[PDB]
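The chain below stands alone and is given in structure tokens; this is the form deposited in one PDB entry.
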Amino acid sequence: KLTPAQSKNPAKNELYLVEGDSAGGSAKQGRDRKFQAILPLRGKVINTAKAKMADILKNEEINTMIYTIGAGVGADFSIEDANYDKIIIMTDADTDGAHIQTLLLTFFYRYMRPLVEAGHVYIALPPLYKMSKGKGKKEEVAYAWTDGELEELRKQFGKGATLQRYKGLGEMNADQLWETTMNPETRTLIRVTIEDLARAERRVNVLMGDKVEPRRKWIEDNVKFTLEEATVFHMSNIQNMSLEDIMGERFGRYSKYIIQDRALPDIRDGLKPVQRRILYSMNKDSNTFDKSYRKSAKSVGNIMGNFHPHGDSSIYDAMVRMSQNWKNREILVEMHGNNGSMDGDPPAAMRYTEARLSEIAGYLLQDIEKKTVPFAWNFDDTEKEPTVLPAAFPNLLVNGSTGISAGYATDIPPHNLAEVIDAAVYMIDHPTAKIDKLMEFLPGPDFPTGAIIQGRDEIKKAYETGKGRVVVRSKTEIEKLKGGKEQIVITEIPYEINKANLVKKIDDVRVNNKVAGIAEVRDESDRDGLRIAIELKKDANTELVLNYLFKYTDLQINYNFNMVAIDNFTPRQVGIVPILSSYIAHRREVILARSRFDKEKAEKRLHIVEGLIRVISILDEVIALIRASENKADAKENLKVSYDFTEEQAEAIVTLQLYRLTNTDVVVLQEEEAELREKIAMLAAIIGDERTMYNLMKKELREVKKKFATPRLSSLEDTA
């Protein structure tokens, strides 16, 4: 891990703490090996304000930092044994970078404060952009750290130029990395000072302590979800910044991003950004259900390069999960090969597997081509991506979501498609509908793992408030055997539970003989179904055993609802009512936007058809006219002046291929006129009348339900 400097010299030597090994390789290649040491970080550093102390000192990352600094730790910290004058934190300029800077600084504040206080801890600022007027002798190369140093740089030593947009240190090489962020002549750093020991203490504890509530509160008050962030103009050479304002600039940046753009679903389409990208990318590449499977590696690589600048494993894992019918109630990806099991064994690696969108996932994307949904630039401004999908079925409830953010988490269980549509259809007709009535249609969750759900009162509370605890209990049956004996047989288990770990834990009950009567525990499951068999001993009390298992193993668990999604850019704890009204409001924007799109298209076609019908009446004249003209533009002009065609009509006439003169059937063009007028009226009516629009919204939801509805799997029971 550690690459040391050739020469000891505590007066000038530098320890580069580099985000990741790949970048650490770059830094090792680009350094001045005489006084610059490199310690790469294996990802996310332990939180030394949350974790215990058993853990802090068994952490390999932390120990080799202490070893190398060579000053001891904490209580016994000697500043002049330190082998470095500067400790330099050099991370990607992304938000996970800011999080890493955050976690280090908290370690140094707590266990190496003499070193922070004496201004020996810095942060390297790598460039966001590198401009290149390709060639121009060598390359004509300059760098830039703000939106504003970039605008400055559009002038300068050329125009019609290349602009690379840096997403990490890993995309930089040693000469680039040296010039811009490592060489003391040229580099810009920020030195970390303490301004108030009291104020900087309260900052570190609210952000990094195990108290969640103050953190969620800090985020509520400080983080502007709705607005941007001002560019923070770049200053030359070293500059000073409080531990207080660094920790809050960086952690706020992280928090906002992981809330809005990672771990939490959108309330409308129920997708995390990575899942939305998977679906969009795969659909744009025609990787649909109707067409052939396509190697996972190809899909993943296109997603990563076009939309999602992150690991191929994170993307592949997310893709695989969307194909697992014990995780998702209505799978969005079909995958050939080993996509895992309930025993949680590894899916085949992506070289092996192949994939495509499910039929139903087609319906989340339905009408995306008709400007139904806001798009934005991808990470490199090469390409647009949807911020939300059309969502012709209410995926959030149907498939649920489970995620862990900053200040917030979420748990939304899967639900029955038909039931969720039923509720939504009622609510379209009854905007003020209350829970009691909605639950006649949506009585509760419907896990793809089935089993028994207990706590009708608590479902109600979760559907009211977004929170509640419910009991999920495996489905069981007794069977008789040789010697009169019994065995408990398990056929459905609780959501999110590992079958093999459950079996093991039951077998440990047997072994430790916590309850009298267990003979043997066999998993007898196979490719066709789940079946765990708990063979009992001669005359053992079936009931006493079963009840011990439910109590003391995960044969029975509590599901805790915690229904948080993103609504108007803000995290938001929500019950069934805001969830369904948001969906409905969404489909309304979609159906109206789709209607406007198709209507504008029909109008243009109608104006042309009108034109073509007229041209046939004067075809001989139109052709002589075109022959008499000098060029295209002149022909169009003549057509307008002589015969009052529009620009649109004239352009269309003038670009007809000669063979089109073979079809001059005006009757057929008149049937098409009538059909277009009919259609424009229908579409106008939708845009003109909310109820006409809502009736369509319901018609479509019903079609979906008819096509994709499947029986409930989880049974419901009132008392818990």
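Position 1 is the first residue in the sequence shown; the rest follow in order.
In the comparison with other entries of the same protein, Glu228 is left without coordinates in at least one third of those covering both sides of it. Across the two stretches, 207 to 215 and 586 to 594, the PDB entry reports the greater mean Cα temperature factor for 207 to 215. In this entry, 453 to 461 shows the higher mean Cα temperature factor of the pair 453 to 461 and 298 to 306. Based on the entry's C-alpha B-factors, the most elevated value among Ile557, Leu169, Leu625, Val511 belongs to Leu169. When the Cα B-factors of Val141, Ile259, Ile618, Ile576 are read from the PDB record, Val141 comes out highest. When the modelled residues of the chain are ordered by C-alpha B-factor, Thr692 sits in the lowest third. Ranked against the other modelled residues of its chain, the C-alpha B-factor of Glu651 as given in the entry falls in the lowest third.
In this PDB entry, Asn59 carries a Cα temperature factor that places it within the highest third of its chain's modelled residues. In the PDB entry, a CA B factor belonging to the middle third of its chain's modelled residues is recorded for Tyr408.
Residue-level temperature factors show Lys12 in the highest third of its chain, judged at the C-alpha atom.
The form deposited in another entry exists for this protein as well; it is not shown, and the discussion that follows is about that form.
Hinge location among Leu606, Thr288, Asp261, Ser582 for the rigid parts moving between this form and the one not shown, by C-alpha fit switching from one part to the other: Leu606.
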